[PDB]
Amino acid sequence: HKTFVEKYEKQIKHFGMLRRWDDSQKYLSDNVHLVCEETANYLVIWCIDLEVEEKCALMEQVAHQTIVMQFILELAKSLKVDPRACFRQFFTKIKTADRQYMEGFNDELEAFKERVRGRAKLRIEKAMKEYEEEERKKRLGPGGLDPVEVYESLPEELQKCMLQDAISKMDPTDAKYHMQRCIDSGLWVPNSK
């Protein structure tokens, strides 16, 4: 898993970038160790990285070769055989496949690309959420309270806006409670602490 990738990265990527059936066959033939679950898995991860980097056009080219590899591993499990010894007959079947076969090949490619986009979108939203965590940190008041939250937690009245607010000293110690949170969130600066 780990260092299969480290050895063969360029070759997996190269296979990911091919497209013509004869070339894909030939390349796997010269490097039959590429024909395995680990290359499928790395191609899947590389598609998500490309789509997050906004290399959308290349992700589609790589996704096609991913589905090809997945289809090789599937047909191998069907036949009971080793994928390295039966991959050539995927290519043999694909070059003259019925129209209906190529239609389902295409639907599974498109569905795959959708799952890849859903995964990239998770990584992007993770980064947006981190960004907004820091926007949040940056507007915390001196006592660590967000004046957006505190504003909304206040009884209705309070000032989209001074000595008027002051005359509103009518309520028990609940007043200490919201006032303290206004000081801690920077909503109110005690002019003389």
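In case it trips you up, residue 1 is the first one in the sequence shown, and so on.
| task | Between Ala166 and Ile167, count the deposited residues left without coordinates and pick a bin: none, 1 to 3, 4 to 9, 10 or more. | result | According to the record, the chain runs unbroken from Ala166 to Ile167.
| request: With reference to the PDB entry, specify whether the mean Cα temperature factor is higher for 19-27 or for 171-179. | output: According to the PDB entry, the answer is 171-179.
| message | Quick check on the record: does 76-84 or 99-107 carry the larger mean Cα temperature factor? | response | Looking at the record's C-alpha B-factors, the answer is 76-84.
| task | Going by the CA temperature factor in the entry, name the top one among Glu125, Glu37, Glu156, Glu51. | result | Across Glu125, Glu37, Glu156, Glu51, the entry lists the biggest C-alpha B-factor for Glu156.
| field | Ranked C-alpha temperature factor of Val32 among modelled chain residues, by third | value | Middle third by C-alpha B-factor.
| request: Please place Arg139 in the lowest, middle or highest third of its chain by C-alpha B factor as given in the entry. | output: It belongs to the middle third of the chain when residues are ordered by C-alpha B-factor.
| request: Using the B-factor values recorded in the entry, state whether the Cα atom of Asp146 falls in the lowest, middle or highest third among the modelled residues of its chain. | output: For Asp146, the deposited C-alpha B-factor lands in the middle third.
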